[PDB]
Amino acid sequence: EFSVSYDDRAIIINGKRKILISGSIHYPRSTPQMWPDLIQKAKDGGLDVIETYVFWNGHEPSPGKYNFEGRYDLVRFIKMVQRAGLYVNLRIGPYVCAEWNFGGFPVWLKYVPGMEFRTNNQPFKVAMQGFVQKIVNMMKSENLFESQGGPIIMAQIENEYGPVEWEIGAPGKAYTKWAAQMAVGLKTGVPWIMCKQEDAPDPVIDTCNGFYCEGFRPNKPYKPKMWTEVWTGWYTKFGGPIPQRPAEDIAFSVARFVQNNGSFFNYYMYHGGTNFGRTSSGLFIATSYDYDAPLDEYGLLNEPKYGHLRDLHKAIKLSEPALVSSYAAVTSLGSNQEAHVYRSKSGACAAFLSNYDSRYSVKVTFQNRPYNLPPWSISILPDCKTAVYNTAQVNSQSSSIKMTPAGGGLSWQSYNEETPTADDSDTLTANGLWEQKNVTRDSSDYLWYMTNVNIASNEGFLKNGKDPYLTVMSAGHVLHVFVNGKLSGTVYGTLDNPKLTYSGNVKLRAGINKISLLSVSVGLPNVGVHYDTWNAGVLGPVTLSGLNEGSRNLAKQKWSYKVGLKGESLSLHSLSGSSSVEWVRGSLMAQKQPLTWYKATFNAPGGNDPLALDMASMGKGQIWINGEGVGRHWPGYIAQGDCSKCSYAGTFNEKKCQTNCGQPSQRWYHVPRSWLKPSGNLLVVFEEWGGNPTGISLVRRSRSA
């Protein structure tokens, strides 16, 4: 009925070789009502395939219970791509990286007895095969593979394992062989792929990720050349800038790939979207996953990038009959110039004329005709005679972003978060320090490390003008130090270095002194060899210096623990949770105070424009609207890095075109209209650092010229 195969040239769909233009759109980083519009714009962008990861931890929060409703409705998403007449590349994983919490793995998976992530491990294999098996079965049951008449033309198993296999050695090769054998053994009827897998076993095709992938070649001569990730920009991290990749560079890199035998490429990302809630983003990754994608975070067209790529795809589609019926033949044109010519026995001719010089514009002669090639550009001649397209020459409209305030300020109400201290009636205690994930299981960002310090009256610092010295070392990621219910200092880390040290003088009086430590995790690591084994939270050393005794090792004593916030267990984020009205309705009330809840009621602004929250007046925490988590906020973390002016021309790197530095890492936070009633919308903000609620504004996202 239907079939998907491959050869040395391309992917074969229904007996025909296909040059496939793909774009990556992750379903849980958007709302179910946004999906149709995003998929439509992708279709209009010239994409044949929609690519997406499958997010395990979002699907299986409990060892047994599954979730496939709301924006985690994977089956809804794929059927929507079908209704748009497009194909799907399903990158299953289960490891997805994706700047996604814990790399996509559920946190409970770590605590299954004898477990080891991404290796020749029995508990892992069982767990891995179970979920992968479930996903394939679900896809079959709704007839979603191309062989059944569905959109799914290929699937990915694992993500960029090559580098890990290298470091871990023999268990790595065994697991790879297993993973491949297992995946293919599921009889999907469609080919399987593996990115960054130089030794992917047959019949799995190894693919390429990166900014450029033209020099790439598969591990077998009978396997097609595929680029699973054309990085359209880079992710944003809290503390970091907003990176961008120029459209002219992307188009050049794509052209370099197509001209040189490349038959499949995928834009990572085509739509980046948002990291809603507290289980989406990876370690220190911002809520915004804009990625400088052709479709911005809010689903608006990122111009000129969208249109310029749309024109590129039109040129490739015009060149397609030749591309599938011939191979790339190189003819030198000059010192830094080449012509890749696709000449069919039928007589079809497509030519790509390149200029790799990034300094000067160059003129070449191809088949008696002159061509002017801008620096660092490729011209496409679909008929071999006339150049319809050039990668450095944008004929699409540019546009800027404006955030227009909608309505006015809100009447705010405030609730204080308690500062818990160690009691003798505490059940969850230990004679030392515990790791944060071990305790919280990522059910909350917050964990309280509590202990009591007894200060004898014969102490030296009490009689004279001396202060005791406290040193608290944490593995990450934010630490708040409270002595006797009062804040003594705050430290926070970076993505590269999340480990923390607090140091300072403390106010200790005679008797029992209570120490309260609040340890916050800002997402979990998603990449790295043995990344799951990395620590979070206060594990010491924890010392109290300046006593009659030299220095007291506070790590070696009884510690109480409390998971989450009193504000969380009371479920203050939802409307039915915000019932314990200990809310200060005060005309004059809470402002710039740590650990504070806020709530206001608003009406949905009149129009079609997408919405955000200007939170520049605030510090850090998380946001809910009508019970649904908008995600974390951290406008208090200012963007760091070198942010020079950049030219499209020349080799790109993540740091080449960085913007928004000396500014809040993220200021506006995406609010889907899909989440709003016409009136009586509940807006709950937990403010961890301290900020002014009256400053918070609802804004309208508009782009033009």
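In case it trips you up, residue 1 is the first one in the sequence shown, and so on.
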| item | value |
| --- | --- |
| Higher-B stretch (mean Cα B-factor, as the entry records it), 411-419 or 324-332 | 411-419 |
| Residue range whose averaged C-alpha B-factor is higher in the record, 476-484 or 607-615 | 607-615 |
| Among 249, 292, 549, 303 - the residue whose C-alpha B-factor is largest in the record | 549 |
| Of the residues 636, 64, 45, 28, the one carrying the largest Cα B-factor as recorded | 64 |
| Relative C-alpha B-factor of residue 659, binned into the chain's lowest, middle or highest third | middle |
| CA B-factor placement of residue 68, once the chain's modelled residues are sorted into thirds | highest |
| B-factor third for the C-alpha atom of residue 458 within its chain | highest |
| CA B-factor ranking of residue 141, expressed as a third of its chain | highest |
| Assigned third (lowest, middle, highest) for the C-alpha B factor of residue 103 | lowest |
